[PDB]
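Just below is one structure, and these are the notes that go with it.
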Amino acid sequence: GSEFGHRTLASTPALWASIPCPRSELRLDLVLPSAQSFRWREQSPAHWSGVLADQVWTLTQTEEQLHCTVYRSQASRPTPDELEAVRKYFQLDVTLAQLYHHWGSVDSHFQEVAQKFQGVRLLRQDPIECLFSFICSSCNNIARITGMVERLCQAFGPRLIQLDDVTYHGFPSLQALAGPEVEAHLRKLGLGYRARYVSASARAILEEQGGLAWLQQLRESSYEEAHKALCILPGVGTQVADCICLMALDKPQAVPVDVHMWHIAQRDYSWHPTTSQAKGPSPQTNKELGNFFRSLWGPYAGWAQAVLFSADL
DNA sequence: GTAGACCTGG
DNA sequence: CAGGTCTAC
Ligand SMILES: [Ca+2]
């Protein structure tokens, strides 16, 4: 009975396991729907379900605990090894209290604004999902992006399991996305011109860059190196590259500059371009603005930016 | 080194 | 009308 549908902490207590984690270090309601990953849904109030480490999970938290439950057979509580995967996904080793202190210490503005928005951290995402999810972010809003990514995974990703009327799918592989007629197919799913970038980048990686390995090892390369490489892919400009660097390649100093960030820079810092004579967003002015926040916040400027983006809603 | 074109739900 | 990327003078 309760053995069907998405679980909740109450309905199947013996199936959940917890990870010590204070809400000051993580607010699911601030991270999961914030445009880092687009594959988490709050199917039950305060409960988020999505694919993590190739399996489906539901997560919910109390004041000091991050409660997790996994759907693989034979119903059972998450093993310690599995829970680890959750910890790594949320990079729980990176201490938020420490980062907030540092940023608050060097930025009076961050100071005030951050008090009301604690728990905003960066998800450690898979390079492929992050690469194609953000290729779909172009001239698009979170709601539409979520739909496109969803249709995309349903059509080309492996079927995992079914909860209620939701069939979860793993993210498509490079082979799948590189397949014949993927573009036309993606266009039917509404991805528009982005359909072409998805197809083109899948093939470029597989047939020109050396495949998945080329991408995966960027995590060991330098931020400037990683950012440089990523920009080779079609549909991947400096902005989506920074997103990938920050979100999947362990480059915490990466700062994706979009119009949103410009608004923050102008309104909350009275910032203006020093180098370029261009007064608005341009390849040159965007690069600079990114440098501005890096010198202000430090080695984790990217994480700091996420905090401001949350409080800005 | 700065404009329209690219797609389409609103 | 709306998060960028791409390419033409
Ligand atoms: Ca490119």
Side-chain angles (χ1 to χ4, degrees), chain A residues 30-39 120 122-123 125 129-152 154-155 177 181-195 197-205 208-209 226-248 254-268 271-275 278 280-286 288-290 292-293 301-302 304-313:
Chain A
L30 259 35
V31 179
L32 276 29
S34 69
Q36 269 183 57
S37 152
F38 305 89
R39 310 244 293 144
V120 184
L122 261 300
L123 256 25
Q125 310 193 65
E129 171 169 353
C130 195
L131 167 52
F132 298 95
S133 297
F134 283 90
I135 274 174
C136 298
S137 69
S138 158
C139 202
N140 212 310
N141 70 289
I142 294 186
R144 194 162 82 178
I145 297 177
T146 305
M148 300 185 159
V149 175
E150 206 172 66
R151 256 119 58 204
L152 174 146
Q154 226 119 64
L177 294 183
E181 302 194 74
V182 169
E183 176 172 351
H185 198 330
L186 283 177
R187 276 169 183 286
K188 276 190 173 180
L189 299 178
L191 281 60
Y193 66 79
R194 310 175 182 67
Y197 289 134
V198 176
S199 189
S201 279
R203 286 175 184 171
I205 296 179
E208 294 169 54
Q209 304 302 317
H227 186 95
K228 181 186 182 180
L230 294 176
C231 286
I232 297 167
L233 300 327
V236 173
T238 175
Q239 202 260 170
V240 304
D242 278 318
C243 291
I244 303 184
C245 282
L246 171 65
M247 296 172 232
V255 175
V257 172
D258 57 11
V259 174
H260 189 187
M261 198 58 163
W262 265 75
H263 292 165
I264 290 179
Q266 287 169 159
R267 187 195 68 202
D268 309 341
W271 182 89
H272 71 300
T274 292
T275 312
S282 84
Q284 173 58 188
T285 57
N286 296 325
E288 196 191 320
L289 182 50
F292 171 70
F293 291 110
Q305 185 195 212
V307 175
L308 257 60
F309 269 4
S310 182
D312 197 51
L313 285 185

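Chain A is the first sequence line, chain B the second, and so forth, proteins listed ahead of strands; every chain is numbered from 1. Every heavy atom of this structure was used, including side-chain atoms; hydrogens, water molecules and symmetry mates were not.
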*Passes ring pair (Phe, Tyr, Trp, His ring centres under 6.0 Å), A:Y197 versus A:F134? Steps please.*
CA-CA 11 Å; A:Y197 289 134; A:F134 283 90; over 10 Å; no
*When you measure from the side chain of A:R267 to the backbone N and O of A:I264, does any donor-acceptor pair fall under 3.5 Å?*
no
*Expressed as a whole number of Å, how far does the P atom of C:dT5 sit from that of B:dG10?*
24 Å
*asked:* Please report the distance, rounded to the nearest Å, between CD1 in A:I244 and P in C:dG4.
replied: 15 Å
*Could you give the NE2-to-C1' distance, from A:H260 to C:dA2, as a whole number of Å?*
14 Å
*Which stems does DNA chain B form, counting runs of 3 or more consecutive Watson-Crick or G-U wobble pairs with both distances under 3.5 Å?*
B:2-6 with C:4-8
*Under 4.5 Å between any side-chain heavy atoms of A:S282 and A:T285, yes or no?*
yes
*Counting side-chain heavy atoms from CB outward, which of C:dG4, C:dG3, B:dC7 is closest to A:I145?*
C:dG3
*Considering just the side-chain nitrogens and oxygens of A:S282, establish if one lies under 4.0 Å of OP1 or OP2 belonging to B:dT2.*
yes
*Heavy-atom distance under 4.5 Å between the side chains of A:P256 and A:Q305, does that happen here?*
yes
*For atom CD of A:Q239 and atom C1' of C:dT5, their distance in whole Å*: 10 Å
*Checking A:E288 side chain against A:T275 main chain: does a donor-acceptor pair fall under 3.5 Å?*
yes
*How far, in whole Å, is B:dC7 from C:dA8 if one measures between their P atoms?*
16 Å
_In this structure, how many angstroms lie between the P atom of C:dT5 and the CD1 atom of A:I135, rounded?_
10 Å
*asked:* Rounded to whole Å, please give me the gap between CE in A:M247 and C1' in C:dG3.
replied: 11 Å
*Integer-rounded Å distance: B:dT8 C1' and A:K188 NZ*: 17 Å
*Could you tell me whether the side chains of A:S138 and A:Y193 share a donor-acceptor contact shorter than 3.5 Å?*
yes
_The side chain of A:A35 is closest to which nucleotide in this list: B:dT2, C:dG4, C:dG3?_
C:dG3
*A:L191 has an atom CG; how far is it from atom P of B:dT8, in whole Å?*
10 Å
*Counting N and O atoms only, with roles assigned by atom type, does the side chain of A:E208 sit under 3.5 Å from a partner on the main chain of A:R203, one being a donor and the other an acceptor?*
no
_Donor-acceptor pair, side chain of A:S201 and main chain of A:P234, under 3.5 angstrom_ = yes
_Atom pair distance, as rounded to whole Å: CG in A:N140 and P in B:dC7_ = 14 Å
*Hey, does A:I244 have a side-chain heavy atom less than 4.5 Å from the side chain of A:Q125?*
no
_A:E129/A:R39 ion pair, N-O < 4.0 Å_ = yes
*Looking only at side-chain N and O atoms, does A:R187 come under 4.0 Å of OP1 or OP2 in B:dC7?*
yes
*Any donor-acceptor pair under 3.5 Å between the side chain of A:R194 and the base of B:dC7?*
yes
*Could you give the distance separating C:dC6 and B:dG9 at their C1' atoms, to the nearest angstrom?*
23 Å
Give each protein N/O atom lying under 3.5 Å from an N/O atom of nucleotides 6-9 of chain C, with the pair distance.
{"residue": "C:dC6", "atom": "OP1", "partner": "A:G235", "partner atom": "N", "Å": "2.9"}

